[PDB]
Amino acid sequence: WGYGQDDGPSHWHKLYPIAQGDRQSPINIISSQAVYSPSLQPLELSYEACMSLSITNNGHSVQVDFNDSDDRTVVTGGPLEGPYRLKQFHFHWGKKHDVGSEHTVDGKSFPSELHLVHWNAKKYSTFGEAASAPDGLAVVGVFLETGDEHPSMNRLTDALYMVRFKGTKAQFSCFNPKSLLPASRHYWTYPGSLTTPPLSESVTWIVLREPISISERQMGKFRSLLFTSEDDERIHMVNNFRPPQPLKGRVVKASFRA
């Protein structure tokens, strides 16, 4: 599978029938319809500075992996009943500045969306195991818009060169993902799924209300990455996102009032 004209999202269901399930992600968030839920606890992202291991071009996105042997880098509170350890983060972006995010807000996309993937290691033995349970995963999504240069993003920006080709990876020590968070912890949350195959409906989504900003140059580096391996005909990794899926009666909650 992929994001090409033949193996793109509109055809994934042929391999993964859950692609057409009742809690697929992403979705279009209709702000006026989200339910303000003050009963939710505060969302807390307690991330340590040196838990990162590597950066990898897996052919679908560029992903930074973390050491999840313990819970020093977890997301807690909000709709979650316990701590979920950070496993990795990656991005989705477009060819043009007007698209790229997976979730949309009132029909609007951002040039990119960041995904912080966590799993319930407290009750499940492996990430793979948790990825199949309704309460197994928690992904925090952060929208990215272009504007002023993001200081910390340079660390990642300057590393993209080494992984321009599919299947390449490199050591990536001491990157604190907290540096990629906005100053607000307001969010929308709803029960969903992974946005790429196997598309398992095991994700409690937490989409931050406030986006972070990166310069057009930093955004451009992401577009310099390739879907293709070192030998293949260069095909730039762009538009690696899945369109909004049917809500199907799901309730979207908000930690704030619009």
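Counting begins at 1, following the sequence as shown.
Higher mean CA temperature factor between 219-227 and 35-43: 35-43, per the PDB entry. Per the PDB record, of the two stretches 50-58 and 65-73, 65-73 carries the greater mean B-factor over its C-alpha atoms. Going by the entry's values, 94 shows the largest Cα B-factor out of 136, 94, 177, 141. The maximum CA B-factor among the listed residues 89, 188, 127, 161, taken from the PDB record, is found at 161. The entry lists a Cα temperature factor for residue 81 that places it in the highest third of the chain's modelled residues. Compared with the other modelled residues of the chain, the Cα B-factor recorded for residue 119 ranks in the lowest third. Looking at the C-alpha B-factors along this chain, the one for residue 247 belongs to the middle third. Compared with the other modelled residues of the chain, the Cα B-factor recorded for residue 150 ranks in the middle third. Ranked within its chain, residue 100 lands in the middle third, by CA B factor from the PDB record.
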